[PDB]
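Structure file entry_0.pdb (PDB, C-alpha atoms (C1' of nucleotides) and all ligand atoms) is printed below.
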```
ATOM      1  CA  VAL A  71      44.142 -23.161 -31.786  1.00  0.00           C
ATOM      2  CA  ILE A  72      44.823 -22.069 -35.394  1.00  0.00           C
ATOM      3  CA  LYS A  73      44.793 -24.231 -38.524  1.00  0.00           C
ATOM      4  CA  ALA A  74      46.399 -23.012 -41.809  1.00  0.00           C
ATOM      5  CA  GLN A  75      45.122 -25.320 -44.494  1.00  0.00           C
ATOM      6  CA  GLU A  76      45.256 -23.855 -47.946  1.00  0.00           C
ATOM      7  CA  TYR A  77      48.563 -23.998 -49.839  1.00  0.00           C
ATOM      8  CA  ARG A  78      50.311 -27.052 -51.294  1.00  0.00           C
ATOM      9  CA  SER A  79      53.624 -26.110 -49.516  1.00  0.00           C
ATOM     10  CA  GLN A  80      53.791 -26.224 -45.707  1.00  0.00           C
ATOM     11  CA  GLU A  81      56.221 -23.412 -45.014  1.00  0.00           C
ATOM     12  CA  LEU A  82      53.731 -21.112 -46.696  1.00  0.00           C
ATOM     13  CA  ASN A  83      51.033 -22.646 -44.496  1.00  0.00           C
ATOM     14  CA  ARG A  84      53.244 -21.819 -41.502  1.00  0.00           C
ATOM     15  CA  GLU A  85      53.852 -18.268 -42.741  1.00  0.00           C
ATOM     16  CA  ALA A  86      50.064 -17.837 -42.710  1.00  0.00           C
ATOM     17  CA  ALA A  87      49.438 -20.039 -39.621  1.00  0.00           C
ATOM     18  CA  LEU A  88      51.742 -17.743 -37.714  1.00  0.00           C
ATOM     19  CA  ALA A  89      50.580 -14.324 -38.887  1.00  0.00           C
ATOM     20  CA  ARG A  90      46.955 -15.377 -38.159  1.00  0.00           C
ATOM     21  CA  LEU A  91      48.272 -15.580 -34.565  1.00  0.00           C
ATOM     22  CA  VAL A  92      50.136 -12.249 -34.483  1.00  0.00           C
ATOM     23  CA  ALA A  93      47.546 -10.070 -36.241  1.00  0.00           C
ATOM     24  CA  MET A  94      44.788 -11.763 -34.156  1.00  0.00           C
ATOM     25  CA  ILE A  95      46.739 -10.924 -30.964  1.00  0.00           C
ATOM     26  CA  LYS A  96      46.874  -7.256 -32.041  1.00  0.00           C
ATOM     27  CA  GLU A  97      43.084  -7.032 -32.555  1.00  0.00           C
ATOM     28  CA  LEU A  98      42.254  -8.437 -29.108  1.00  0.00           C
ATOM     29  CA  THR A  99      45.165  -6.422 -27.616  1.00  0.00           C
ATOM     30  CA  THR A 100      44.398  -2.779 -28.707  1.00  0.00           C
ATOM     31  CA  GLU A 101      40.996  -1.518 -27.405  1.00  0.00           C
ATOM     32  CA  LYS A 102      39.075   1.709 -28.400  1.00  0.00           C
ATOM     33  CA  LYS A 103      40.191   5.111 -26.955  1.00  0.00           C
ATOM     34  CA  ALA A 104      39.924   8.426 -24.985  1.00  0.00           C
ATOM     35  CA  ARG A 105      37.891  10.715 -24.514  1.00  0.00           C
ATOM     36  CA  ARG A 106      34.336  11.726 -23.509  1.00  0.00           C
ATOM     37  CA  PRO A 107      32.202  13.718 -23.180  1.00  0.00           C
ATOM     38  CA  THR A 108      32.075  17.133 -24.792  1.00  0.00           C
ATOM     39  CA  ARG A 109      30.114  19.741 -22.791  1.00  0.00           C
ATOM     40  CA  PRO A 110      27.540  22.268 -24.241  1.00  0.00           C
ATOM     41  CA  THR A 111      29.070  25.529 -25.733  1.00  0.00           C
ATOM     42  CA  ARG A 112      26.286  28.056 -26.336  1.00  0.00           C
ATOM     43  CA  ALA A 113      24.000  27.409 -23.360  1.00  0.00           C
ATOM     44  CA  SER A 114      25.252  30.862 -22.184  1.00  0.00           C
ATOM     45  CA  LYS A 115      23.750  32.703 -25.204  1.00  0.00           C
ATOM     46  CA  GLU A 116      21.075  30.246 -26.388  1.00  0.00           C
ATOM     47  CA  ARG A 117      19.168  29.379 -23.178  1.00  0.00           C
ATOM     48  CA  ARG A 118      19.498  32.787 -21.460  1.00  0.00           C
ATOM     49  CA  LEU A 119      17.981  34.114 -24.689  1.00  0.00           C
ATOM     50  CA  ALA A 120      14.978  31.962 -23.726  1.00  0.00           C
ATOM     51  CA  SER A 121      15.112  33.176 -20.087  1.00  0.00           C
ATOM     52  CA  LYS A 122      15.216  36.747 -21.468  1.00  0.00           C
ATOM     53  CA  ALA A 123      11.904  36.705 -23.311  1.00  0.00           C
ATOM     54  CA  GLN A 124      10.406  34.350 -20.754  1.00  0.00           C
ATOM     55  CA  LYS A 125      10.768  36.737 -17.753  1.00  0.00           C
ATOM     56  CA  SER A 126       9.712  39.850 -19.670  1.00  0.00           C
ATOM     57  CA  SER A 127       6.301  38.816 -21.028  1.00  0.00           C
ATOM     58  CA  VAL A 128       5.752  36.769 -17.799  1.00  0.00           C
ATOM     59  CA  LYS A 129       4.765  40.007 -15.919  1.00  0.00           C
ATOM     60  CA  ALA A 130       1.518  39.832 -17.991  1.00  0.00           C
ATOM     61  CA  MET A 131      -1.779  37.900 -17.455  1.00  0.00           C
ATOM     62  CA  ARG A 132      -4.039  35.923 -17.919  1.00  0.00           C
ATOM     63  CA  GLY A 133      -5.726  33.252 -20.185  1.00  0.00           C
TER
ATOM     64  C1'   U B   1     -37.980  25.647  -3.430  1.00  0.00           C
ATOM     65  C1'   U B   2     -32.292  26.199   2.872  1.00  0.00           C
ATOM     66  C1'   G B   3     -29.127  25.155  -2.781  1.00  0.00           C
ATOM     67  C1'   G B   4     -24.786  26.277  -7.325  1.00  0.00           C
ATOM     68  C1'   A B   5     -18.113  31.372  -6.056  1.00  0.00           C
ATOM     69  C1'   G B   6     -13.445  29.973  -8.803  1.00  0.00           C
ATOM     70  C1'   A B   7      -7.736  30.890  -9.922  1.00  0.00           C
ATOM     71  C1'   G B   8      -3.057  29.904 -12.488  1.00  0.00           C
ATOM     72  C1'   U B   9      -1.450  28.411 -17.419  1.00  0.00           C
ATOM     73  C1'   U B  10      -0.719  29.436 -25.071  1.00  0.00           C
ATOM     74  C1'   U B  11      -0.329  36.151 -27.092  1.00  0.00           C
ATOM     75  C1'   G B  12       3.576  42.048 -27.744  1.00  0.00           C
ATOM     76  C1'   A B  13      -1.451  42.601 -26.536  1.00  0.00           C
ATOM     77  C1'   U B  14      -6.922  40.390 -27.527  1.00  0.00           C
ATOM     78  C1'   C B  15     -11.158  37.195 -27.864  1.00  0.00           C
ATOM     79  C1'   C B  16     -12.568  32.367 -28.365  1.00  0.00           C
ATOM     80  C1'   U B  17     -11.412  27.070 -28.156  1.00  0.00           C
ATOM     81  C1'   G B  18      -8.877  23.684 -25.240  1.00  0.00           C
ATOM     82  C1'   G B  19      -5.879  20.621 -22.326  1.00  0.00           C
ATOM     83  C1'   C B  20      -2.846  20.632 -17.915  1.00  0.00           C
ATOM     84  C1'   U B  21      -2.630  22.527 -12.465  1.00  0.00           C
ATOM     85  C1'   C B  22      -4.413  24.189  -7.624  1.00  0.00           C
ATOM     86  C1'   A B  23      -7.274  25.475  -3.385  1.00  0.00           C
ATOM     87  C1'   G B  24     -12.524  21.543  -1.049  1.00  0.00           C
ATOM     88  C1'   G B  25     -14.384  17.213   1.307  1.00  0.00           C
ATOM     89  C1'   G B  26     -13.388  12.147   2.372  1.00  0.00           C
ATOM     90  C1'   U B  27     -10.126   6.925   4.232  1.00  0.00           C
ATOM     91  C1'   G B  28      -9.904   0.365   7.553  1.00  0.00           C
ATOM     92  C1'   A B  29      -4.378   4.124   5.474  1.00  0.00           C
ATOM     93  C1'   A B  30       0.690   4.643   5.512  1.00  0.00           C
ATOM     94  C1'   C B  31       5.263   7.831   5.828  1.00  0.00           C
ATOM     95  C1'   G B  32       8.185  12.203   7.831  1.00  0.00           C
ATOM     96  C1'   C B  33       8.867  15.854  12.306  1.00  0.00           C
ATOM     97  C1'   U B  34       6.363  16.014  17.273  1.00  0.00           C
ATOM     98  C1'   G B  35       3.875  13.871  20.904  1.00  0.00           C
ATOM     99  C1'   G B  36       0.490  15.085  27.512  1.00  0.00           C
ATOM    100  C1'   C B  37      -4.933  12.948  28.823  1.00  0.00           C
ATOM    101  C1'   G B  38      -9.689  10.793  28.527  1.00  0.00           C
ATOM    102  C1'   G B  39     -14.119   8.773  26.287  1.00  0.00           C
ATOM    103  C1'   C B  40     -16.569   6.180  21.867  1.00  0.00           C
ATOM    104  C1'   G B  41     -15.042   3.770  17.777  1.00  0.00           C
ATOM    105  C1'   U B  42     -11.614   1.159  15.188  1.00  0.00           C
ATOM    106  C1'   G B  43      -7.271  -1.732  13.346  1.00  0.00           C
ATOM    107  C1'   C B  44      -3.881  -8.194   7.425  1.00  0.00           C
ATOM    108  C1'   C B  45      -7.618  -4.180   1.683  1.00  0.00           C
ATOM    109  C1'   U B  46      -0.683  -8.135   0.647  1.00  0.00           C
ATOM    110  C1'   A B  47      -0.131 -14.588   0.547  1.00  0.00           C
ATOM    111  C1'   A B  48      -8.193 -17.808   0.404  1.00  0.00           C
ATOM    112  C1'   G B  49       0.463 -18.535   1.830  1.00  0.00           C
ATOM    113  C1'   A B  50       2.320 -21.705   5.607  1.00  0.00           C
ATOM    114  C1'   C B  51       1.627 -22.845  11.040  1.00  0.00           C
ATOM    115  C1'   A B  52       4.456 -24.804  17.144  1.00  0.00           C
ATOM    116  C1'   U B  53       1.000 -24.669  22.240  1.00  0.00           C
ATOM    117  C1'   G B  54      -3.307 -23.645  24.867  1.00  0.00           C
ATOM    118  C1'   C B  55      -8.537 -22.706  24.152  1.00  0.00           C
ATOM    119  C1'   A B  56     -13.105 -21.884  20.749  1.00  0.00           C
ATOM    120  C1'   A B  57     -19.184 -27.864  22.074  1.00  0.00           C
ATOM    121  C1'   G B  58     -21.403 -29.876  24.566  1.00  0.00           C
ATOM    122  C1'   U B  59     -24.608 -31.766  27.978  1.00  0.00           C
ATOM    123  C1'   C B  60     -28.777 -35.388  30.716  1.00  0.00           C
ATOM    124  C1'   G B  61     -28.601 -40.172  36.651  1.00  0.00           C
ATOM    125  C1'   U B  62     -35.685 -37.648  36.040  1.00  0.00           C
ATOM    126  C1'   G B  63     -33.650 -42.800  29.800  1.00  0.00           C
ATOM    127  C1'   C B  64     -30.373 -48.069  30.826  1.00  0.00           C
ATOM    128  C1'   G B  65     -26.392 -51.604  32.561  1.00  0.00           C
ATOM    129  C1'   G B  66     -21.597 -51.107  34.629  1.00  0.00           C
ATOM    130  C1'   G B  67     -16.609 -50.053  37.030  1.00  0.00           C
ATOM    131  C1'   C B  68     -13.039 -46.889  40.485  1.00  0.00           C
ATOM    132  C1'   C B  69     -13.014 -44.692  45.342  1.00  0.00           C
ATOM    133  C1'   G B  70     -15.349 -41.718  49.478  1.00  0.00           C
ATOM    134  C1'   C B  71     -19.360 -42.990  53.119  1.00  0.00           C
ATOM    135  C1'   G B  72     -23.968 -45.869  56.479  1.00  0.00           C
ATOM    136  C1'   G B  73     -23.201 -51.759  58.595  1.00  0.00           C
TER
HETATM  137 MG    MG C   1      33.820   9.491 -26.876  1.00  0.00          MG
HETATM  138 MG    MG C   2       3.409  34.851 -21.834  1.00  0.00          MG
HETATM  139 MG    MG C   3      -9.100  26.817 -18.448  1.00  0.00          MG
HETATM  140 MG    MG C   4      -0.600  29.940 -30.534  1.00  0.00          MG
HETATM  141 MG    MG C   5     -17.826  22.474  -2.797  1.00  0.00          MG
HETATM  142 MG    MG C   6      -7.529  16.596  -0.432  1.00  0.00          MG
HETATM  143 MG    MG C   7       3.324   9.250  23.803  1.00  0.00          MG
HETATM  144 MG    MG C   8       8.401   8.435  17.522  1.00  0.00          MG
HETATM  145 MG    MG C   9      -9.535   2.045  23.161  1.00  0.00          MG
HETATM  146 MG    MG C  10      -1.908 -13.830   7.242  1.00  0.00          MG
HETATM  147 MG    MG C  11      -8.185 -11.398   4.262  1.00  0.00          MG
HETATM  148 MG    MG C  12     -10.140  -8.365  -2.732  1.00  0.00          MG
HETATM  149 MG    MG C  13       5.000 -20.444   1.155  1.00  0.00          MG
HETATM  150 MG    MG C  14       2.346 -17.774  -2.855  1.00  0.00          MG
HETATM  151 MG    MG C  15     -12.641 -21.454  28.071  1.00  0.00          MG
HETATM  152 MG    MG C  16     -33.287 -45.463  27.467  1.00  0.00          MG
HETATM  153 MG    MG C  17     -23.292 -45.774  38.731  1.00  0.00          MG
END
```

Transcribe the structure of this file into C-alpha cells.
Amino acid sequence: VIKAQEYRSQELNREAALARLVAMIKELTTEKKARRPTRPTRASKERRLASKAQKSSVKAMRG
RNA sequence: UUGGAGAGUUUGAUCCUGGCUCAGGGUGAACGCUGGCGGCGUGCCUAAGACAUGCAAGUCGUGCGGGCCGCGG
C-alpha cells in the first residue's frame, strides 16, 4: 500500500506513486552476494617459524 | 620427640621472583570397558515436589453396663 501525496497534479503523483513501487521491489528483490571465506596464506612460513624455534630450545631445561 | 622427599613449565644460557600443572590420600558418588564368590558395611546430597494400595498403635473382663453366637439345663 503506497500513497503519493505531494504534488498539485495527479499524474505526477502517479509517476512517483508508481516508481516508489518499482524501486522498492528492486531493494527487497536483490540480496547481498558471494563469497566467503578466505583461508590463511602464510601459516606455512609464519607458524612453522614458531615451531622451528620452539622445538630447538625445547631440548633444554629447567626453571 | 616414630615425624617433614618433590618434578614439569618463562632464557641462547643463568640466578632469583612467580603463577600454572602433575604424581598422594580420601567419597553416601557417578560414567566408560569388564565382570566369578563370600562376609561386614552401605545406598534420593536433586523436588522439605506430587502420590494409587497394603502396613507402620495400641491394649485391659482383675474397672462398669450391654449385644451377637458357641456351650451346661
Ligand atoms: Mg564474505
Ligand atoms: Mg625454552
Ligand atoms: Mg615453581
Ligand atoms: Mg622474560
Ligand atoms: Mg604425603
Ligand atoms: Mg586423587
Ligand atoms: Mg555379574
Ligand atoms: Mg554391564
Ligand atoms: Mg549385602
Ligand atoms: Mg523423592
Ligand atoms: Mg532428602
Ligand atoms: Mg542440603
Ligand atoms: Mg510438581
Ligand atoms: Mg518444584
Ligand atoms: Mg504388621
Ligand atoms: Mg470403672
Ligand atoms: Mg459381656

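The closest residue to chain A, picked from B:63, B:3, B:8, B:39 and counting all atoms listed in the file, is B:8.
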
Please identify every residue of chain A that has at least one atom no more than 12 Å from any atom of chain B, counting only C-alpha atoms (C1' of nucleotides), and report them as a CSV table (one decimal) with C-alpha atoms, in the coordinates of the input.
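Once written, selection_13.csv looks like this:
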```
chain,number,residue,atom,x,y,z
A,123,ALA,CA,11.9,36.7,-23.3
A,126,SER,CA,9.7,39.8,-19.7
A,127,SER,CA,6.3,38.8,-21.0
A,128,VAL,CA,5.8,36.8,-17.8
A,130,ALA,CA,1.5,39.8,-18.0
A,131,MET,CA,-1.8,37.9,-17.5
A,132,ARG,CA,-4.0,35.9,-17.9
A,133,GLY,CA,-5.7,33.3,-20.2
```

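Applied to the file shown here, the PyMOL selection byres (((chain A and resi 71) around 12) and not hetatm) selects residues 72, 73, 74, 87, 88, 90, 91 and 94 of chain A.
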
All residues having an atom within 12 Å of ligand MG 5 (chain C) (all atoms listed in the file) as number ranges by chain: B: 3-6, 23-25

Take the residues just selected and output them with C-alpha atoms (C1' of nucleotides) as a PDB file, keeping the file's coordinate frame.
```
ATOM      1  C1'   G B   3     -29.127  25.155  -2.781  1.00  0.00           C
ATOM      2  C1'   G B   4     -24.786  26.277  -7.325  1.00  0.00           C
ATOM      3  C1'   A B   5     -18.113  31.372  -6.056  1.00  0.00           C
ATOM      4  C1'   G B   6     -13.445  29.973  -8.803  1.00  0.00           C
ATOM      5  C1'   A B  23      -7.274  25.475  -3.385  1.00  0.00           C
ATOM      6  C1'   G B  24     -12.524  21.543  -1.049  1.00  0.00           C
ATOM      7  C1'   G B  25     -14.384  17.213   1.307  1.00  0.00           C
TER       8        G B  25
END
```

Matched chain/residue IDs from the PyMOL selection byres (((not hetatm)) within 8 of (chain C and resi 1)), as a PyMOL selection string: chain A and resi 103-107

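For the pair atom MG of ligand MG 4 (chain C) and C1' of residue 21 (chain B), the interatomic distance is 19.6 Å.
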
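From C1' of residue 48 (chain B) back to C1' of residue 27 (chain B), the distance works out to 25.1 Å.
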
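Residues in contact with ligand MG 9 (chain C) (atom pairs separated by at most 10 Å; all atoms listed in the file) are residues 39, 40, 41 and 42 of chain B.
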
Any chance you could export the current selection's C-alpha atoms (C1' of nucleotides) as a PDB file, in the coordinates of the input?
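Dumped everything to out_15.pdb:
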```pdb
ATOM      1  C1'   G B  39     -14.119   8.773  26.287  1.00  0.00           C
ATOM      2  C1'   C B  40     -16.569   6.180  21.867  1.00  0.00           C
ATOM      3  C1'   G B  41     -15.042   3.770  17.777  1.00  0.00           C
ATOM      4  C1'   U B  42     -11.614   1.159  15.188  1.00  0.00           C
TER       5        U B  42
END
```

List every residue of chain B that has an atom at most 10 Å from any atom of ligand MG 14 (chain C), and for each one report the closest atom pair and its distance in Å to one decimal, counting all atoms listed in the file, with rows sorted by chain and then by increasing residue number, as CSV.
```
residue,atom,partner,partner_atom,distance
B:47,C1',C:MG14,MG,5.3
B:49,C1',C:MG14,MG,5.1
B:50,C1',C:MG14,MG,9.3
```

Determine the residue membership of the PyMOL selection byres (((not hetatm)) within 9 of (chain C and resi 11)) for the file above and supply it as a PDB file with C-alpha atoms (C1' of nucleotides), keeping the file's coordinate frame.
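Result file follows (expr.pdb):
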```pdb
ATOM      1  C1'   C B  44      -3.881  -8.194   7.425  1.00  0.00           C
ATOM      2  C1'   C B  45      -7.618  -4.180   1.683  1.00  0.00           C
ATOM      3  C1'   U B  46      -0.683  -8.135   0.647  1.00  0.00           C
ATOM      4  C1'   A B  48      -8.193 -17.808   0.404  1.00  0.00           C
TER       5        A B  48
END
```

Quick one: axis-aligned box around all listed atoms of region 10-21 of chain B, 5 Å on every side, centre and edge lengths in Å to one decimal, written as JSON.
```
{"center_x": -4.5, "center_y": 31.6, "center_z": -20.4, "size_x": 26.1, "size_y": 32.0, "size_z": 25.9}
```

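For the pair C1' of residue 61 (chain B) and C1' of residue 73 (chain B), the interatomic distance is 25.4 Å.
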
Environment of ligand MG 15 (chain C) within 12 Å, counting all atoms listed in the file, reported as a PyMOL selection string: chain B and resi 54-57

Mind writing the picked residues with C-alpha atoms (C1' of nucleotides) as a PDB file, in the coordinates of the input?
```pdb
ATOM      1  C1'   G B  54      -3.307 -23.645  24.867  1.00  0.00           C
ATOM      2  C1'   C B  55      -8.537 -22.706  24.152  1.00  0.00           C
ATOM      3  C1'   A B  56     -13.105 -21.884  20.749  1.00  0.00           C
ATOM      4  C1'   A B  57     -19.184 -27.864  22.074  1.00  0.00           C
TER       5        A B  57
END
```

Which residues of chain B sit at most 9 Å from ligand MG 3 (chain C), using all atoms listed in the file? Give each one's shortest atom pair and distance in Å (one decimal place), in chain and ascending residue order, as CSV.
```
residue,atom,partner,partner_atom,distance
B:9,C1',C:MG3,MG,7.9
B:18,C1',C:MG3,MG,7.5
B:19,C1',C:MG3,MG,8.0
B:20,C1',C:MG3,MG,8.8
```
